[PDB]
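My questions will all concern the structure given below.
Chain nomenclature is as follows: A, B, C, D, E, F, G, H, I, J, K, L and M, assigned in order of appearance, with residue numbering initiated at 1 for each chain independently.
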């Protein structure tokens, strides 16, 4: 059968987690 | 005007010694036996305290 | 058969752990 | 067949382990 | 059947997270 | 056939090793 | 069936991400 | 067929190795 | 069917990214 | 067919390498 | 069917990449 | 069919490589 | 069919790269 109201949310949440992991590594460096 | 005041910590007076007699023998001999391995120094010796 | 009252919560918990791992790497830096 | 009294506990324990791993990385930084 | 209105955006989001992870490691060094 | 008197203990041991790995990363920091 | 106008772009984008990750590690060293 | 006198020992040994790896990371910290 | 005008270039690009990753770790050291 | 005079020793060697890897991370620390 | 004039080159190139990665970690140490 | 004069040597060589990797991490520490 | 004049050399090369990676981590330490 099919219904994607819980698969969609879990995939979106996984991508949100991975996005937060990506942006959490960003730094604006110093000591030039 | 009063003289210099020394802040003295009694954390190393040996066990079983009263402070008064310890300071008395410190006066008389000019040498005060201390105990660097008191139970209260366990943290600093073992790295658990500063 | 079908029932998602135990798989949904486990997936949610997995994504919550991923959430906490992602946000635990967030740092507001110093020394500029 | 089916009975999930040991699968449920093992999945819950796995998620507990992963949660403890996540929260064990958390730090409140210093040197500002 | 066929429909890519949900898989396309998830793939695009995955590649966007990869994009941000790749460009977050870029550093212009100092101390020459 | 069926018997879980050897798989249950191995799973429990695996999760115990995961437990010890998770709690071995726990640190109470210094230098504030 | 077949049409590769979205598979091609996603593979190319994946390779672009991996290329950016590769070149982002490049450094010209100092302190000789 | 079946006989688990060598599978049991190898699984137990694998778990012993993983346990030793886990406990080998344990430290009692200093500098407070 | 068969055609390698798109798979060949993607494989070549993958190996080029591996090439750049491998040669980006090359360092001529100092402090002897 | 069946014979474990070559698989047993390879499994034992694999677990021996895991043994040596596990015990090679063991350290008795200093600076308390 | 079969023809290995492109499989051979790609496998050889993969092994070349892995060899370059291996030799790029080699160092002749100092500070004795 | 079967003949294991090349499988045996390759498995033994793989285990030798993994053993050398294991023992190459061993250190006798200092600074007590 | 069967022929190992190309797979044997690729396996040997893979194990040679593993050999070089394993022996490239070998260090004779200092500061005792």
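Convention: a contact is a pair of C-beta atoms (placed from the backbone, for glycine too) under 8 Å apart; a residue touches a chain by one contact, two chains touch by 3 or more.
Engineer: By that same contact rule, can you tell me which chains touch subunit A and subunit L alike?
Structural biologist: none
Engineer: Could you work out how far the Cα centre of subunit C sits from that of subunit F, in whole Å?
Structural biologist: Centre-to-centre distance between subunit C and subunit F: 20 Å.
Engineer: Please tell me the distance, in whole Å, between the geometric centres of subunit B and subunit F computed from their C-alpha atoms.
Structural biologist: 47
Engineer: Can you check how far apart subunit J and subunit L are, centre to centre, with Cα atoms defining each centre and the answer in Å?
Structural biologist: The mean C-alpha positions of subunit J and subunit L differ by 10 Å.
Engineer: Mind pulling the residue numbers of subunit K that touch at least two other chains?
Structural biologist: If we look for residues of subunit K contacting two or more partner chains, we find 18, 21, 25, 31.
Engineer: Check each residue of subunit B and list the ones that touch at least two other chains.
Structural biologist: 47
Engineer: Can you give me every chain pair that touches, using the contact definition above?
Structural biologist: Pairwise, the chains that meet the contact rule are A-C, A-E, B-H, B-J, C-D, D-F, E-G, F-H, G-I, H-J, I-K, J-L, K-M, L-M.
Engineer: Quick one: which bits of subunit L touch subunit J in the complex? Just the residue numbers, please.
Structural biologist: Touch list, subunit L to subunit J: 4, 8, 11-12, 15, 18-19, 21-23, 25-26, 29, 31-32.
Engineer: Flag every residue of subunit G that touches subunit E in the complex, lowest number first.
Structural biologist: Within the complex, subunit G contacts subunit E at residues 6, 10, 13-14, 17-18, 20-21, 24-25, 27-28, 30-31.
Engineer: Write out the stretch or stretches of subunit B touching subunit J in their complex.
Structural biologist: Touching subunit J: residues 45-47 of subunit B.
Engineer: Can you name the residues of subunit B that touch subunit H in the complex?
Structural biologist: By the definition above, subunit B touches subunit H via 47-50.
Engineer: For subunit J, which residues are in contact with subunit B within the complex?
Structural biologist: Its residues touching subunit B are 31-32.
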